[PDB]
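What follows is a set of notes on a single structure, which appears directly below.
Chains as they are written, first to last, in the entry's author numbering: chain A, 16 to 43, 50 to 125; chain A', 16 to 43, 50 to 125. A prime marks a further copy of an entry chain.
Printed below as a string of structure tokens:
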């Protein structure tokens with residue numbers, strides 16, 4: 016309804032130490054905006070609950086599904102569709118991301 | 016349906032010299054992914070045809086609607102809803118963006 020600005024500070028990531036955070040900052050549905058943070062050398066595998074358009078801001082991720090792996094560095098986007106099982110691996114400098122999720 | 020990666024190179028921006036490009040790189050609807058490029062010191066005003074979630078990658082934009090202005094630098098997101106009239110102003114180093122649009 017109204018213009019809105021978001022920044023990574025809205026994710027208060029210092030409150031959630033650990034190997035990985037993905038925290039929503041807005042619901043625009051719901052179409053949700055968030056930011057993520059991956060510690061160096063972290064791998065996890067998840068079946069996507071929702072369609073996710075992720076952009077790497079800093080560092081680097083590899084994303085794998087089926088028989089196919091891509092790597093995403095700063096400015097690069099990976100679309101991860103609902104129901105696909107993906108492995109996300111952060112590299113030696115970790116990663117920061119932004120993302121948008123949406124429903125069917 | 017399948018995982019996909021996009022990068023700013025997919026927008027072939029060298030083909031579109033000028034003061035501003037916003038070029039789609041994928042349709043995921051349609052939910053569309055794109056990248057933008059603004060020359061230094063460029064202002065334009067548009068009524069949004071679609072809801073647009075924009076992230077600044079490099080440089081800086083100011084975005085104004087109604088009585089309110091925000092500025093977005095690298096990593097910062099501006100949501101611009103359908104039907105709102107927005108003025109986008111790029112600063113002295115121009116700007117690069119990524120964005121996602123979607124319909125009602």
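Where a beta carbon is used, it is the ideal one built from N, C-alpha and C, also for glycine.
The C-beta of residue 24 of chain A' has fewer than 16 other C-beta atoms within 10 Å across all chains shown, which makes the residue exposed. With distances taken between CA atoms, residue 62 of chain A' lies nearest to A':115 out of A':115, A':125 and A':120. Going by beta carbons, residue 53 of chain A and residue 121 of chain A fall inside the 8 Å limit.
In the three-state DSSP reduction, residue 24 of chain A' falls in the helix class (H, G or I). Residues of chain A with a Cβ closer than 7 Å to the Cβ of residue 93 of chain A' are, in chain order, 20. Exposed is the label assigned to residue 104 of chain A', since fewer than 16 other Cβ atoms lie within 10 Å of its Cβ.
Taking 8 Å as the upper bound for CB-CB distance, residue 101 of chain A' and residue 84 of chain A' are in contact here, some 7 Å apart. Straight across, the Cα-Cα distance linking residue 118 of chain A with residue 27 of chain A is about 14 Å. In this structure residue 78 of chain A touches residue 95 of chain A by the C-beta definition: roughly 6 Å separates them, less than 8 Å.
The beta carbon of residue 98 of chain A' sits closer than 6 Å to the beta carbons of 76 from its chain, once the five residues preceding and following it are set aside; these are given in chain order. Taking 8 Å as the cut-off, the Cβ atoms of residue 57 of chain A' and residue 39 of chain A' do not count as close. Among the residues of chain A, those whose CB is under 7 Å from the CB of residue 86 of chain A' are 18, following chain order. Shown here, residue 97 of chain A' sits in coil according to DSSP, grouped into three states, outside any helix or strand. Annotation: Cβ neighbours of residue 102 of chain A in chain A' (cutoff 9 Å, chain order): 16, 17, 18, 19 and 43. Shown here, residue 29 of chain A' sits in a helix according to DSSP, grouped into three states. Residue pairing from DSSP leaves residue 52 of chain A without any beta-bridge partner.
Residue 123 of chain A' has a beta carbon lying within less than 8 Å of a beta carbon in chain A.
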